Structure formats: C-alpha cells, structure tokens
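Just one chain is shown here, as structure tokens, and it is the form deposited in one PDB entry.
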C-alpha cells in the first residue's frame, strides 16, 4: 500500500503520521498509529514514523546567523548569514564575502547569504578599490567640475580633469 500516508508493521498496512506530529505508538493489530502533535520549538515536515519531533535550528547571532523563516510545527526554521557574509557548507559557518579587485565590481543585486560574484568593469566604468559590495563606478564627467578631460579613464582608474 502507498507511502503518502502508509507503512507496514505487524503484517498490517498502517497509517503514517502527518507533518506537525509524530507517532506516539506504532499500530497494534486492533488499532492504528497514534500520532501526537509536535511540542514547543519542534517540527516534522513530512508524513513520518518518528518517535520524536525534530528540534529547530538555532539561528545563533554568535555565528552571524539570523532567522529568515521562524519555522513551526510543520516547517523547519531557516537561517541566513547577516550582511557581508554567506553560508559555507564546508565549515558550516558564515564566511566573509570575497572582495572584487580593482578592475572588477560586485554584480548586483547582492544576494542574501550568497557570496559576491565579481565581473570586470566595462567601458566607461572603473573600480580602484578592493570591495565585496561596490560595483564599478562610472567615470567622472569633468564638465560637472567645470573642467575638461585631461586624461581618459581605465577600468582601474577614473578620468583626470583639469581646469583649462
């Protein structure tokens, strides 16, 4: 018999427990499964055969983690690394986002809990700094400074303006 609600015990096709509760008692030959609701800060999000509910992840501030979804008896608590960091599964920690070097800028918009991806500055823009947040700045317009363009700019440096 199907699984989306059933399992097999004493030769019987017993009913599986629904999200929000765990099985307190396996089915006997005379009665079916006794499924009780998850206690505080616990949850099960699938039809199960668990004798205890899963405990919610702690979104430890001390790890630069914050709750994005508080979770409940049916859904797990979801956490994210705070600004400037992204979750790294190898260390299971919030790693500092990588910096884009001069000539490149951070691709926008900046994804929460994801590392910054760098891309080179294209014609008309530059970045002369190491930053994990800044995108390439457009070259200065000398006329706004009341000047003329003495020097063309690059991907790494801004134009040079001079009073005529």
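We call the rigid core the largest set of C-alpha positions that still match within 1.5 Å between the two forms. Numbering follows the first chain given and starts at 1. Only residues modelled in both forms are compared.
Beyond what is shown, the protein has a form deposited in another entry; the following relates to that form.
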Could you check, with the core superposed, whether the Cα atom of residue 73 shifts 2 Å or more between the shown form and the other one? yes
Aligning on the rigid core, do we see the C-alpha of residue 107 shift 2 angstroms or more between the shown form and the other one? no
Threshold 2 Å Cα movement between the shown form and the other one at residue 44, rigid core reference: yes
Which segments, of 3 or more consecutive residues, undergo C-alpha shifts of no less than 2 angstroms between the shown form and the other one following superposition on the core? 2-58, 69-77
